[PDB]
Amino acid sequence: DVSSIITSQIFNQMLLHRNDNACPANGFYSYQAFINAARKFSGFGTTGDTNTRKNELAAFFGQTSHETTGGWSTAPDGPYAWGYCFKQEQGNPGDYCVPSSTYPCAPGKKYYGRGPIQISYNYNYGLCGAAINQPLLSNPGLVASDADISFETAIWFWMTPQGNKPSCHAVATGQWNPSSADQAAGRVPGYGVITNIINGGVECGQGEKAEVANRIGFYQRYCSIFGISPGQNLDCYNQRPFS
Ligand SMILES: CC(=O)N[C@@H]1[C@@H](O)[C@H](O)[C@@H](CO)O[C@H]1O
């Protein structure tokens with residue numbers, strides 16, 4: 001069970017400032033919601049030895065902290081204490097509707113980034129809602145109004161391979177075997193390939209990038225909290241994005 005690796009105190013010490021009034025998602029993300037959701041995904045934080053389960057959770061909270069960070073360079077307790085500050089895409093996001101007969105856009109509904117993985121677009125809310133048996137296509141606001149659902153979308157993303165792009169789960173648990181194409185593209189198992197899976201088109205293969213360095217900093221802080229050392233191949237600066 002995942003609760004033997006991650007306690008309420010480890011969750012709270014990682015997500016130290018999420019409940020500050022400056023965070024729009026303050027009061028949303030609970031340890032209970034996380035454990036309820038985690039238990040629905042067989043293998044999630046229960047694959048491998050203790051250090052491998054710790055590493056998976058460090059990596060999962062690292063990446064999701066980046067997706068939702070409200071941190072700045074000089075924030076209280078540093079930038080890597082301000083994960084899980086947002087539950088919806090910032091700026092003025094549009095409806096993120098790309099029509100699908102399989103996963104049709106609901107009238108008046110918007111599919112902008114919500115929750116810990118910032119799940120976006122009607123196609124993804126529909127694929128996800130099918131997998132977790134929730135009406136995300138008709139009510140995408142559930143991902144920001146129900147914290148158990150919010151965590152389910154992020155773990156769903158984390159556990160789901162995309163053809164030649166592995167699950168974050170496989171990579172974080174040392175179960176990803178890189179293809180010859182992967183090797184030629186510099187995609188060596190590590191946290192960097194996880195950044196590549198999540199947003200490599202934007203962030204990877206272009207040299208030093210502050211968003212990548214941010215993802216690493218969260219993961220480094222959380223490895224410390226779990227009492228493990230970070231893995232190798234932390235960045236994707238010299239990785240070709242997954243096409
Ligand atoms: C609202 C919040 O607490 N945090 C920050 C904001 O103040 C910050 O300066 C900027 C990037 O550093 O984006 C937000 O996420």
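Side chains are part of it too, since the values below use all heavy atoms of this structure and drop only hydrogens, waters and symmetry mates. Remember, it's 1-based here, ligands and their atoms both numbered in the order they're listed. Here, residue 1 is the first one in the sequence, and each next residue gets the next number.
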Polar pairs, ligand 1 vs protein, N/O only, below 3.5 Å.
residue	atom	partner	partner atom	Å
ligand 1	4 (N)	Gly70	O	2.6
ligand 1	12 (O)	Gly71	O	2.9
ligand 1	15 (O)	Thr69	O	3.4

(message) Give me each pair satisfying side-chain hydrogen bond (donor to acceptor under 3.5 Å, both in side chains) with a member in residues 234-243, each pair once, sequence neighbours excluded.
(response) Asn196-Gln239
(message) Would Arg215 pass as a cation-pi partner of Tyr191, given that its NZ or CZ must be under 6.0 Å from the six-membered ring centre and within 45 degrees of the axis?
(response) no
(request) Sorted by first residue and then second, give each disulfide (SG to SG under 2.5 Å) pair with at least one member in residues 182-215; sequence neighbours left out. (result) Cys204-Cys236
(message) Can you confirm if the NZ or CZ of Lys54 lies within 45° of the ring axis of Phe226 and under 6.0 Å from the centre of its six-membered ring?
(response) no
(request) May I ask you to list the residues sharing a hydrophobic cluster with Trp82, side-chain cutoff 4.5 Å, ordered by chain and number? (result) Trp72
(request) Pick out which of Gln118, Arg114, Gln134 makes a side chain to side chain contact (heavy atoms under 4.5 Å, CB included) with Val143. (result) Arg114
